[PDB]
$ cat structure.cif   # mmCIF, N, CA, C and O atoms
data_query
#
loop_
_atom_site.label_atom_id
_atom_site.label_comp_id
_atom_site.auth_asym_id
_atom_site.auth_seq_id
_atom_site.Cartn_x
_atom_site.Cartn_y
_atom_site.Cartn_z
N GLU L 1 -6.91 9.26 -20.99
CA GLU L 1 -5.94 8.39 -20.36
C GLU L 1 -5.30 9.01 -19.13
O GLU L 1 -5.25 8.39 -18.06
N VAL L 2 -4.79 10.23 -19.28
CA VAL L 2 -4.06 10.84 -18.18
C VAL L 2 -5.00 11.14 -17.02
O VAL L 2 -4.68 10.87 -15.85
N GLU L 3 -6.19 11.67 -17.31
CA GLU L 3 -7.15 11.95 -16.25
C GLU L 3 -7.60 10.67 -15.57
O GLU L 3 -7.77 10.63 -14.34
N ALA L 4 -7.77 9.58 -16.34
CA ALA L 4 -8.13 8.31 -15.72
C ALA L 4 -7.01 7.80 -14.82
O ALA L 4 -7.27 7.20 -13.77
N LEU L 5 -5.76 8.04 -15.23
CA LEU L 5 -4.63 7.64 -14.39
C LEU L 5 -4.58 8.48 -13.12
O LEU L 5 -4.24 7.97 -12.04
N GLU L 6 -4.91 9.77 -13.23
CA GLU L 6 -4.98 10.61 -12.04
C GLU L 6 -5.98 10.04 -11.04
O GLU L 6 -5.73 10.02 -9.83
N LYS L 7 -7.11 9.52 -11.54
CA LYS L 7 -8.13 8.95 -10.67
C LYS L 7 -7.64 7.66 -10.01
O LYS L 7 -7.83 7.46 -8.80
N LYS L 8 -7.01 6.77 -10.78
CA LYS L 8 -6.48 5.54 -10.21
C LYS L 8 -5.40 5.82 -9.18
O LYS L 8 -5.29 5.11 -8.17
N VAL L 9 -4.57 6.83 -9.44
CA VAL L 9 -3.53 7.17 -8.47
C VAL L 9 -4.14 7.69 -7.17
O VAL L 9 -3.73 7.29 -6.08
N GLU L 10 -5.15 8.56 -7.27
CA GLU L 10 -5.82 9.01 -6.05
C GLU L 10 -6.47 7.85 -5.31
O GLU L 10 -6.42 7.78 -4.08
N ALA L 11 -7.08 6.91 -6.05
CA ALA L 11 -7.67 5.74 -5.40
C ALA L 11 -6.61 4.95 -4.65
O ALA L 11 -6.85 4.48 -3.53
N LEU L 12 -5.42 4.80 -5.25
CA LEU L 12 -4.32 4.13 -4.57
C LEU L 12 -3.88 4.89 -3.32
O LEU L 12 -3.54 4.27 -2.31
N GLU L 13 -3.85 6.22 -3.39
CA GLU L 13 -3.49 7.00 -2.20
C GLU L 13 -4.46 6.73 -1.06
O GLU L 13 -4.04 6.61 0.10
N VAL L 14 -5.75 6.61 -1.37
CA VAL L 14 -6.75 6.31 -0.35
C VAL L 14 -6.50 4.94 0.26
O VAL L 14 -6.49 4.78 1.49
N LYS L 15 -6.26 3.94 -0.58
CA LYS L 15 -6.01 2.59 -0.08
C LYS L 15 -4.74 2.54 0.75
O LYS L 15 -4.68 1.83 1.77
N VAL L 16 -3.70 3.26 0.32
CA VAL L 16 -2.44 3.25 1.05
C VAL L 16 -2.59 3.95 2.40
O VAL L 16 -2.04 3.50 3.41
N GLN L 17 -3.35 5.05 2.46
CA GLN L 17 -3.53 5.71 3.75
C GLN L 17 -4.26 4.80 4.72
O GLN L 17 -3.91 4.73 5.91
N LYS L 18 -5.28 4.08 4.24
CA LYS L 18 -5.99 3.14 5.10
C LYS L 18 -5.05 2.06 5.61
O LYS L 18 -5.07 1.70 6.80
N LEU L 19 -4.22 1.51 4.72
CA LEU L 19 -3.26 0.49 5.14
C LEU L 19 -2.29 1.04 6.17
O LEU L 19 -1.94 0.35 7.13
N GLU L 20 -1.80 2.27 5.97
CA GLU L 20 -0.88 2.86 6.94
C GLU L 20 -1.51 2.97 8.32
O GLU L 20 -0.87 2.65 9.33
N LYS L 21 -2.77 3.42 8.39
CA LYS L 21 -3.44 3.52 9.68
C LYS L 21 -3.59 2.14 10.32
O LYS L 21 -3.35 1.97 11.52
N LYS L 22 -4.00 1.14 9.53
CA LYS L 22 -4.21 -0.19 10.08
C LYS L 22 -2.90 -0.80 10.55
O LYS L 22 -2.84 -1.42 11.62
N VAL L 23 -1.82 -0.58 9.80
CA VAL L 23 -0.52 -1.12 10.20
C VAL L 23 0.00 -0.44 11.46
O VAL L 23 0.55 -1.10 12.35
N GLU L 24 -0.14 0.89 11.55
CA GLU L 24 0.31 1.56 12.76
C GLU L 24 -0.49 1.09 13.97
O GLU L 24 0.06 0.90 15.06
N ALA L 25 -1.79 0.86 13.78
CA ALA L 25 -2.58 0.35 14.89
C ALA L 25 -2.09 -1.02 15.35
O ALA L 25 -2.01 -1.29 16.55
N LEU L 26 -1.78 -1.92 14.39
CA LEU L 26 -1.25 -3.23 14.77
C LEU L 26 0.12 -3.13 15.42
O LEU L 26 0.41 -3.84 16.38
N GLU L 27 0.99 -2.26 14.89
CA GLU L 27 2.35 -2.16 15.41
C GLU L 27 2.34 -1.65 16.84
O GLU L 27 3.14 -2.12 17.67
N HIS L 28 1.48 -0.68 17.15
CA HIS L 28 1.45 -0.05 18.46
C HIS L 28 0.42 -0.65 19.40
O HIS L 28 0.39 -0.27 20.57
N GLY L 29 -0.44 -1.55 18.92
CA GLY L 29 -1.48 -2.10 19.75
C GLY L 29 -2.55 -1.12 20.18
O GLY L 29 -3.09 -1.24 21.28
N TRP L 30 -2.87 -0.14 19.33
CA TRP L 30 -3.81 0.90 19.73
C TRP L 30 -5.19 0.32 19.99
O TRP L 30 -5.74 -0.41 19.17
N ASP L 31 -5.76 0.68 21.14
CA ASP L 31 -7.12 0.28 21.50
C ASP L 31 -7.28 -1.24 21.53
O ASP L 31 -8.37 -1.76 21.31
N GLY L 32 -6.18 -1.94 21.77
CA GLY L 32 -6.21 -3.39 21.83
C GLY L 32 -6.15 -4.09 20.49
O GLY L 32 -6.31 -5.31 20.45
N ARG L 33 -5.93 -3.36 19.40
CA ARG L 33 -5.81 -3.98 18.08
C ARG L 33 -4.50 -4.75 17.95
O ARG L 33 -3.56 -4.48 18.69
N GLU Y 1 5.66 7.15 -22.16
CA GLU Y 1 5.56 7.59 -20.78
C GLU Y 1 4.24 7.19 -20.14
O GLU Y 1 4.21 6.63 -19.04
N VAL Y 2 3.13 7.53 -20.80
CA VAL Y 2 1.83 7.28 -20.20
C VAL Y 2 1.57 5.79 -20.07
O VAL Y 2 1.11 5.31 -19.02
N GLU Y 3 1.90 5.02 -21.11
CA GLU Y 3 1.71 3.57 -21.03
C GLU Y 3 2.60 2.96 -19.96
O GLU Y 3 2.17 2.04 -19.24
N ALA Y 4 3.83 3.46 -19.81
CA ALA Y 4 4.69 2.95 -18.75
C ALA Y 4 4.12 3.28 -17.38
O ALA Y 4 4.24 2.49 -16.44
N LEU Y 5 3.50 4.46 -17.25
CA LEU Y 5 2.86 4.82 -15.99
C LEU Y 5 1.66 3.93 -15.71
O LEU Y 5 1.40 3.56 -14.56
N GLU Y 6 0.90 3.59 -16.76
CA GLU Y 6 -0.21 2.66 -16.59
C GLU Y 6 0.29 1.33 -16.02
O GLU Y 6 -0.35 0.74 -15.14
N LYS Y 7 1.46 0.88 -16.48
CA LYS Y 7 2.01 -0.38 -15.99
C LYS Y 7 2.44 -0.28 -14.53
O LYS Y 7 2.16 -1.18 -13.73
N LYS Y 8 3.13 0.81 -14.17
CA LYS Y 8 3.54 1.00 -12.78
C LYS Y 8 2.34 1.11 -11.86
O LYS Y 8 2.38 0.63 -10.72
N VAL Y 9 1.28 1.78 -12.32
CA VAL Y 9 0.09 1.89 -11.49
C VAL Y 9 -0.56 0.53 -11.27
O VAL Y 9 -0.95 0.18 -10.15
N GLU Y 10 -0.66 -0.28 -12.33
CA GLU Y 10 -1.20 -1.63 -12.15
C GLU Y 10 -0.33 -2.45 -11.20
O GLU Y 10 -0.84 -3.20 -10.36
N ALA Y 11 1.00 -2.32 -11.32
CA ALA Y 11 1.89 -3.02 -10.40
C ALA Y 11 1.63 -2.61 -8.96
O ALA Y 11 1.61 -3.46 -8.06
N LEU Y 12 1.40 -1.31 -8.74
CA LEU Y 12 1.06 -0.83 -7.40
C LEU Y 12 -0.27 -1.41 -6.92
O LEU Y 12 -0.42 -1.73 -5.74
N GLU Y 13 -1.26 -1.51 -7.82
CA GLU Y 13 -2.54 -2.10 -7.43
C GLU Y 13 -2.35 -3.54 -6.95
O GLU Y 13 -2.97 -3.96 -5.96
N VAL Y 14 -1.48 -4.29 -7.62
CA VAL Y 14 -1.20 -5.67 -7.21
C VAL Y 14 -0.57 -5.70 -5.83
O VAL Y 14 -0.98 -6.47 -4.95
N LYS Y 15 0.44 -4.84 -5.60
CA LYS Y 15 1.10 -4.80 -4.30
C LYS Y 15 0.14 -4.38 -3.20
O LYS Y 15 0.20 -4.90 -2.08
N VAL Y 16 -0.73 -3.41 -3.50
CA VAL Y 16 -1.67 -2.93 -2.50
C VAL Y 16 -2.71 -4.01 -2.17
O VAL Y 16 -3.08 -4.18 -1.00
N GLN Y 17 -3.18 -4.75 -3.18
CA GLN Y 17 -4.14 -5.80 -2.87
C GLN Y 17 -3.52 -6.87 -1.97
O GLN Y 17 -4.16 -7.36 -1.04
N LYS Y 18 -2.26 -7.23 -2.25
CA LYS Y 18 -1.58 -8.20 -1.40
C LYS Y 18 -1.46 -7.68 0.03
O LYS Y 18 -1.70 -8.42 0.99
N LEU Y 19 -1.08 -6.41 0.18
CA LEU Y 19 -0.98 -5.83 1.51
C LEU Y 19 -2.32 -5.84 2.22
O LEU Y 19 -2.39 -6.11 3.42
N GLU Y 20 -3.40 -5.50 1.50
CA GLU Y 20 -4.73 -5.50 2.12
C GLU Y 20 -5.09 -6.88 2.65
O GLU Y 20 -5.61 -7.01 3.76
N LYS Y 21 -4.83 -7.93 1.86
CA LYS Y 21 -5.12 -9.29 2.32
C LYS Y 21 -4.30 -9.63 3.55
O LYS Y 21 -4.82 -10.21 4.52
N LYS Y 22 -3.00 -9.31 3.53
CA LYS Y 22 -2.14 -9.65 4.65
C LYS Y 22 -2.55 -8.89 5.91
O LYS Y 22 -2.57 -9.45 7.00
N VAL Y 23 -2.93 -7.62 5.75
CA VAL Y 23 -3.34 -6.83 6.91
C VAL Y 23 -4.66 -7.33 7.48
O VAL Y 23 -4.83 -7.42 8.70
N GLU Y 24 -5.62 -7.67 6.61
CA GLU Y 24 -6.88 -8.20 7.13
C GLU Y 24 -6.65 -9.52 7.85
O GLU Y 24 -7.27 -9.79 8.89
N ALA Y 25 -5.75 -10.35 7.33
CA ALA Y 25 -5.45 -11.60 8.02
C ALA Y 25 -4.87 -11.34 9.41
O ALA Y 25 -5.24 -12.03 10.37
N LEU Y 26 -3.95 -10.38 9.52
CA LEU Y 26 -3.39 -10.06 10.84
C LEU Y 26 -4.43 -9.45 11.76
O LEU Y 26 -4.46 -9.77 12.96
N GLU Y 27 -5.29 -8.57 11.24
CA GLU Y 27 -6.27 -7.90 12.08
C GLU Y 27 -7.27 -8.89 12.65
O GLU Y 27 -7.68 -8.76 13.81
N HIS Y 28 -7.70 -9.86 11.84
CA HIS Y 28 -8.73 -10.81 12.24
C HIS Y 28 -8.17 -12.12 12.78
O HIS Y 28 -8.95 -12.95 13.26
N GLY Y 29 -6.86 -12.33 12.70
CA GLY Y 29 -6.29 -13.59 13.14
C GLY Y 29 -6.68 -14.79 12.30
O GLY Y 29 -6.79 -15.90 12.85
N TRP Y 30 -6.88 -14.62 11.00
CA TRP Y 30 -7.37 -15.71 10.17
C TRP Y 30 -6.36 -16.85 10.13
O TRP Y 30 -5.17 -16.63 9.85
N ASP Y 31 -6.84 -18.07 10.37
CA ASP Y 31 -6.01 -19.27 10.27
C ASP Y 31 -4.81 -19.21 11.21
O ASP Y 31 -3.78 -19.83 10.95
N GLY Y 32 -4.94 -18.45 12.29
CA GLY Y 32 -3.87 -18.33 13.25
C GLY Y 32 -2.79 -17.33 12.90
O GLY Y 32 -1.78 -17.26 13.60
N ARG Y 33 -2.97 -16.55 11.83
CA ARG Y 33 -1.99 -15.54 11.46
C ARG Y 33 -2.02 -14.37 12.44
O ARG Y 33 -3.01 -14.17 13.13
N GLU E 1 1.47 17.65 -16.15
CA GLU E 1 0.59 16.62 -15.61
C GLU E 1 1.27 15.26 -15.51
O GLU E 1 1.23 14.61 -14.46
N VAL E 2 1.86 14.82 -16.62
CA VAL E 2 2.43 13.48 -16.64
C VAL E 2 3.62 13.39 -15.69
O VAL E 2 3.75 12.43 -14.92
N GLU E 3 4.49 14.41 -15.70
CA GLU E 3 5.63 14.40 -14.80
C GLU E 3 5.18 14.45 -13.34
O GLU E 3 5.77 13.79 -12.48
N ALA E 4 4.13 15.22 -13.05
CA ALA E 4 3.61 15.25 -11.69
C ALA E 4 3.05 13.89 -11.29
O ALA E 4 3.17 13.48 -10.13
N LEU E 5 2.43 13.19 -12.24
CA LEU E 5 1.93 11.85 -11.95
C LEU E 5 3.07 10.88 -11.71
O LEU E 5 2.98 9.99 -10.86
N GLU E 6 4.16 11.03 -12.47
CA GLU E 6 5.34 10.21 -12.23
C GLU E 6 5.83 10.38 -10.80
O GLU E 6 6.21 9.41 -10.14
N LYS E 7 5.79 11.62 -10.29
CA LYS E 7 6.25 11.88 -8.93
C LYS E 7 5.32 11.25 -7.90
O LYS E 7 5.78 10.64 -6.93
N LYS E 8 4.00 11.40 -8.09
CA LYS E 8 3.05 10.79 -7.16
C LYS E 8 3.17 9.27 -7.17
O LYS E 8 3.01 8.62 -6.13
N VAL E 9 3.40 8.68 -8.34
CA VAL E 9 3.54 7.23 -8.41
C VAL E 9 4.79 6.78 -7.66
O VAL E 9 4.76 5.81 -6.90
N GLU E 10 5.91 7.49 -7.84
CA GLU E 10 7.11 7.14 -7.08
C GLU E 10 6.88 7.29 -5.58
O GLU E 10 7.33 6.46 -4.79
N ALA E 11 6.17 8.35 -5.17
CA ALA E 11 5.85 8.52 -3.75
C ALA E 11 5.04 7.34 -3.24
O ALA E 11 5.29 6.85 -2.12
N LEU E 12 4.08 6.86 -4.04
CA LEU E 12 3.32 5.68 -3.65
C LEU E 12 4.20 4.44 -3.55
O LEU E 12 4.00 3.61 -2.66
N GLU E 13 5.17 4.29 -4.46
CA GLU E 13 6.08 3.15 -4.38
C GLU E 13 6.85 3.16 -3.06
O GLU E 13 7.05 2.11 -2.44
N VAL E 14 7.27 4.35 -2.62
CA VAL E 14 7.98 4.47 -1.35
C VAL E 14 7.09 4.06 -0.19
O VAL E 14 7.49 3.28 0.68
N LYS E 15 5.85 4.56 -0.18
CA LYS E 15 4.92 4.22 0.90
C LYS E 15 4.60 2.73 0.90
O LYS E 15 4.48 2.12 1.97
N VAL E 16 4.44 2.14 -0.29
CA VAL E 16 4.12 0.73 -0.38
C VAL E 16 5.30 -0.13 0.09
O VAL E 16 5.11 -1.14 0.78
N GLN E 17 6.53 0.26 -0.26
CA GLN E 17 7.67 -0.53 0.21
C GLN E 17 7.76 -0.50 1.72
O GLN E 17 8.04 -1.53 2.36
N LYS E 18 7.52 0.67 2.33
CA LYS E 18 7.54 0.76 3.79
C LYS E 18 6.47 -0.13 4.39
O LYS E 18 6.72 -0.84 5.38
N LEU E 19 5.26 -0.11 3.82
CA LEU E 19 4.20 -0.97 4.33
C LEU E 19 4.56 -2.44 4.20
O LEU E 19 4.28 -3.23 5.10
N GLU E 20 5.16 -2.83 3.07
CA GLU E 20 5.56 -4.22 2.89
C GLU E 20 6.54 -4.66 3.97
O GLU E 20 6.41 -5.76 4.53
N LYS E 21 7.54 -3.82 4.26
CA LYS E 21 8.50 -4.17 5.31
C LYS E 21 7.82 -4.30 6.66
O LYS E 21 8.09 -5.24 7.42
N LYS E 22 6.93 -3.35 6.99
CA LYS E 22 6.27 -3.38 8.29
C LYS E 22 5.36 -4.60 8.40
O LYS E 22 5.31 -5.25 9.45
N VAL E 23 4.66 -4.94 7.32
CA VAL E 23 3.77 -6.10 7.35
C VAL E 23 4.56 -7.40 7.48
O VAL E 23 4.18 -8.30 8.23
N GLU E 24 5.67 -7.52 6.74
CA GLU E 24 6.47 -8.74 6.87
C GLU E 24 7.03 -8.86 8.28
O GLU E 24 7.09 -9.96 8.85
N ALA E 25 7.43 -7.74 8.88
CA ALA E 25 7.91 -7.80 10.25
C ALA E 25 6.83 -8.29 11.20
O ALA E 25 7.11 -9.11 12.10
N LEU E 26 5.59 -7.79 11.05
CA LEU E 26 4.50 -8.26 11.90
C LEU E 26 4.17 -9.72 11.64
O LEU E 26 3.90 -10.48 12.59
N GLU E 27 4.16 -10.14 10.37
CA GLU E 27 3.79 -11.51 10.04
C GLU E 27 4.78 -12.50 10.62
O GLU E 27 4.38 -13.58 11.09
N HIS E 28 6.07 -12.18 10.56
CA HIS E 28 7.12 -13.10 10.99
C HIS E 28 7.59 -12.85 12.42
O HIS E 28 8.39 -13.64 12.92
N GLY E 29 7.13 -11.79 13.07
CA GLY E 29 7.60 -11.47 14.40
C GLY E 29 9.05 -11.08 14.50
O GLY E 29 9.70 -11.37 15.51
N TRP E 30 9.59 -10.41 13.48
CA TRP E 30 11.01 -10.10 13.46
C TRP E 30 11.38 -9.17 14.60
O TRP E 30 10.75 -8.13 14.80
N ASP E 31 12.43 -9.53 15.34
CA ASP E 31 12.96 -8.69 16.42
C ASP E 31 11.90 -8.40 17.48
O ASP E 31 11.97 -7.38 18.16
N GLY E 32 10.93 -9.29 17.61
CA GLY E 32 9.88 -9.12 18.59
C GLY E 32 8.75 -8.21 18.18
O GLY E 32 7.89 -7.91 19.01
N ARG E 33 8.73 -7.76 16.93
CA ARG E 33 7.63 -6.91 16.45
C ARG E 33 6.34 -7.71 16.29
O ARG E 33 6.39 -8.93 16.18
#
$ encode --input "structure.cif" --output "structure tokens"
Amino acid sequence: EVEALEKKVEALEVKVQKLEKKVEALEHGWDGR
Amino acid sequence: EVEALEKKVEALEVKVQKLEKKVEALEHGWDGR
Amino acid sequence: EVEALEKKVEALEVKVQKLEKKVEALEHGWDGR
């Protein structure tokens, strides 16, 4: 259970980092995004 | 503790999926968003 | 392990709340964002 939760949490960290990059690109208009 | 963490992690998955949909809509301009 | 996971989950909640605010601002154009 705990190890599986560690994996789901890391997966969420990956998804959140991607969202952060995409949101910063939209907020700042980077490269015309 | 562990079961409560499982619930919080699932709640985060729900919030992250919603954010992903909203961000993709903004990035692609779907339906004028 | 479990307490460390509790901390990572709270950190994710903070990041997700920030993303939600930023996305709502972009979706609604708040304050010209």
$ resolve_selection --input "structure.cif" --expression "the PyMOL selection byres ((chain E) within 8 of (chain Y))" --output "ChimeraX atom specification"
/E:2,5-6,9,12-13,16,19-20,23,26-27
$ calpha_fit_and_write --input "structure.cif" --fixed "chain L" --moving "chain E" --output "compact mmCIF listing (two decimals) with N, CA, C and O atoms, in the frame of the given file"
# COMPACT_ATOMS: atom_id res chain seq x y z
N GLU E 1 -6.91 9.27 -20.99
CA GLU E 1 -5.94 8.39 -20.36
C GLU E 1 -5.30 9.01 -19.12
O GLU E 1 -5.25 8.39 -18.06
N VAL E 2 -4.79 10.23 -19.28
CA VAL E 2 -4.06 10.84 -18.18
C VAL E 2 -5.00 11.14 -17.02
O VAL E 2 -4.68 10.86 -15.85
N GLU E 3 -6.19 11.67 -17.31
CA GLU E 3 -7.15 11.95 -16.26
C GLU E 3 -7.60 10.66 -15.56
O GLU E 3 -7.77 10.63 -14.34
N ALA E 4 -7.78 9.58 -16.33
CA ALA E 4 -8.13 8.31 -15.72
C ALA E 4 -7.01 7.81 -14.82
O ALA E 4 -7.26 7.20 -13.78
N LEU E 5 -5.76 8.04 -15.23
CA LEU E 5 -4.63 7.65 -14.39
C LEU E 5 -4.58 8.48 -13.12
O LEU E 5 -4.24 7.97 -12.04
N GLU E 6 -4.91 9.77 -13.23
CA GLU E 6 -4.99 10.61 -12.04
C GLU E 6 -5.98 10.03 -11.04
O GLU E 6 -5.73 10.02 -9.84
N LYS E 7 -7.11 9.51 -11.55
CA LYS E 7 -8.13 8.95 -10.67
C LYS E 7 -7.64 7.67 -10.01
O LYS E 7 -7.84 7.46 -8.80
N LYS E 8 -7.01 6.77 -10.79
CA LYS E 8 -6.48 5.54 -10.21
C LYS E 8 -5.40 5.83 -9.18
O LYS E 8 -5.29 5.12 -8.17
N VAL E 9 -4.57 6.83 -9.43
CA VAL E 9 -3.52 7.17 -8.47
C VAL E 9 -4.13 7.68 -7.17
O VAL E 9 -3.72 7.29 -6.08
N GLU E 10 -5.15 8.55 -7.27
CA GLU E 10 -5.82 9.01 -6.05
C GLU E 10 -6.47 7.85 -5.31
O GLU E 10 -6.41 7.79 -4.08
N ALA E 11 -7.08 6.92 -6.04
CA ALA E 11 -7.67 5.74 -5.40
C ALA E 11 -6.60 4.95 -4.66
O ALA E 11 -6.85 4.48 -3.53
N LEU E 12 -5.42 4.80 -5.26
CA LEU E 12 -4.32 4.13 -4.57
C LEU E 12 -3.88 4.89 -3.32
O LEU E 12 -3.54 4.27 -2.31
N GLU E 13 -3.85 6.22 -3.38
CA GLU E 13 -3.49 7.00 -2.20
C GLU E 13 -4.46 6.73 -1.05
O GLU E 13 -4.04 6.61 0.11
N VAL E 14 -5.75 6.61 -1.37
CA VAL E 14 -6.75 6.31 -0.35
C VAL E 14 -6.50 4.94 0.27
O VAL E 14 -6.50 4.78 1.49
N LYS E 15 -6.26 3.94 -0.58
CA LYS E 15 -6.01 2.59 -0.08
C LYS E 15 -4.74 2.54 0.75
O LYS E 15 -4.69 1.83 1.77
N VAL E 16 -3.70 3.26 0.32
CA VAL E 16 -2.44 3.26 1.05
C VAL E 16 -2.59 3.95 2.41
O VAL E 16 -2.04 3.49 3.41
N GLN E 17 -3.35 5.05 2.46
CA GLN E 17 -3.53 5.71 3.75
C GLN E 17 -4.25 4.80 4.72
O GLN E 17 -3.90 4.73 5.91
N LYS E 18 -5.28 4.08 4.24
CA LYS E 18 -5.99 3.14 5.11
C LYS E 18 -5.05 2.06 5.60
O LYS E 18 -5.07 1.70 6.80
N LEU E 19 -4.21 1.51 4.72
CA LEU E 19 -3.26 0.49 5.14
C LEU E 19 -2.28 1.04 6.17
O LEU E 19 -1.94 0.35 7.13
N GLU E 20 -1.80 2.27 5.97
CA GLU E 20 -0.88 2.86 6.94
C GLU E 20 -1.51 2.96 8.32
O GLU E 20 -0.87 2.64 9.33
N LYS E 21 -2.77 3.42 8.38
CA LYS E 21 -3.44 3.51 9.68
C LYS E 21 -3.59 2.14 10.32
O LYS E 21 -3.35 1.98 11.52
N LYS E 22 -4.00 1.14 9.53
CA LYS E 22 -4.22 -0.19 10.08
C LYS E 22 -2.90 -0.79 10.56
O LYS E 22 -2.84 -1.43 11.62
N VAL E 23 -1.82 -0.58 9.80
CA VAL E 23 -0.52 -1.12 10.19
C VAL E 23 0.00 -0.44 11.46
O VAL E 23 0.54 -1.10 12.35
N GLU E 24 -0.14 0.88 11.55
CA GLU E 24 0.32 1.56 12.76
C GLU E 24 -0.49 1.09 13.97
O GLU E 24 0.06 0.90 15.07
N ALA E 25 -1.79 0.86 13.79
CA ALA E 25 -2.58 0.34 14.89
C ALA E 25 -2.09 -1.02 15.34
O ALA E 25 -2.01 -1.29 16.56
N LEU E 26 -1.78 -1.92 14.39
CA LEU E 26 -1.25 -3.23 14.77
C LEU E 26 0.12 -3.13 15.41
O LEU E 26 0.41 -3.84 16.39
N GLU E 27 0.99 -2.26 14.88
CA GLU E 27 2.35 -2.15 15.41
C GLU E 27 2.34 -1.65 16.84
O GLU E 27 3.15 -2.12 17.67
N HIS E 28 1.48 -0.68 17.15
CA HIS E 28 1.46 -0.05 18.46
C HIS E 28 0.41 -0.65 19.40
O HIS E 28 0.39 -0.27 20.57
N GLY E 29 -0.43 -1.55 18.92
CA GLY E 29 -1.49 -2.10 19.75
C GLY E 29 -2.55 -1.12 20.18
O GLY E 29 -3.09 -1.25 21.28
N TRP E 30 -2.87 -0.14 19.33
CA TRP E 30 -3.81 0.90 19.73
C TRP E 30 -5.18 0.33 19.99
O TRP E 30 -5.73 -0.41 19.17
N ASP E 31 -5.76 0.69 21.14
CA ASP E 31 -7.13 0.28 21.50
C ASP E 31 -7.28 -1.24 21.52
O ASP E 31 -8.37 -1.75 21.32
N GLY E 32 -6.18 -1.94 21.77
CA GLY E 32 -6.21 -3.38 21.83
C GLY E 32 -6.15 -4.09 20.49
O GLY E 32 -6.30 -5.31 20.45
N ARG E 33 -5.93 -3.35 19.41
CA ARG E 33 -5.81 -3.98 18.08
C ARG E 33 -4.49 -4.75 17.95
O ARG E 33 -3.56 -4.48 18.70
$ atom_distance --input "structure.cif" --atom1 "atom N of residue E:24" --atom2 "atom CA of residue L:14"
19.9 Å
$ select_by_dssp --input "structure.cif" --residues "chain L" --states "alpha helix (DSSP H)" --output "ChimeraX atom specification"
/L:2-28
$ atom_distance --input "structure.cif" --atom1 "atom CA of residue E:3" --atom2 "atom CA of residue L:3"
13.1 Å
$ atom_distance --input "structure.cif" --atom1 "atom C of residue Y:10" --atom2 "atom C of residue L:17"
17.9 Å
$ axis_aligned_box --input "structure.cif" --around "stretch 20-28 of chain E" --padding-each-side "5 Å" --output "lines of an AutoDock Vina configuration file"
center_x = 6.1
center_y = -8.2
center_z = 7.9
size_x = 14.7
size_y = 20.8
size_z = 20.0
